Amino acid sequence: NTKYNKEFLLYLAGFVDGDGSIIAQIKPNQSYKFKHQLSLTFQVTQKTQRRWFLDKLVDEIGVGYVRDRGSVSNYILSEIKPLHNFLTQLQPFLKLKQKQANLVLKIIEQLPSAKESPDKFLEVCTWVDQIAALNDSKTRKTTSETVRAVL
C-alpha cells in the first residue's frame, strides 16, 4: 500500500472538492448471482488539450488511467483496493465530498458480505442510493428498489 505525501493530499482534496466526482453504481448484469454488479469510480475531467495534467495524476497517484472521449478526457480509478487506500488517506482533508468518500469506503469493506445474504446486498445498494443523492444525479435508472423488485 503506497502512502501519499500530505502536501499532495491537501492540494488533491481541494481539487477533488471542486472538480472531482465520486460515483457509485448498480449495473444490471445477468452474469452475477444477484443479477447486478456493484461498481465504484473516482473520476476527474480535463479538456483534451490539458491531458498532460491527467497523465501526471496517473504517475503521482501511481494507479488508474486516462480515457479520451472527444472534446474532453477523464482520469479514472476503479480498482477496489487502490481506491480504498486512496480515499482512506484523502478523506480527512475533504470538505464537500467527504460523505461520498466515507459511503464508498463502507461499501468496499462490506463487499464480501454483500455476496451472501440477498438482504446484505440489498442493504449495500441503499448506501449506493445515498451517494447519488449527495451528488447532482440526473440520468439515474438502477436503484435499490430496482434491485429489491428482483429478489
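All residue numbers are counted from 1 along the displayed sequence.
Here the stretch with the larger average CA B-factor, out of 66-74 and 37-45, is 66-74.
For the pair 134-142 and 20-28, the mean Cα B-factor is higher in 134-142. Out of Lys95, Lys106, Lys120, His84, it is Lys120 whose C-alpha atom has the highest B-factor in the PDB entry. Per the deposited record, the Cα B-factor of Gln91 falls in the middle third when ranked against the other modelled residues of its chain.
Among all modelled residues in its chain, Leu57 ranks in the middle third by Cα B-factor.
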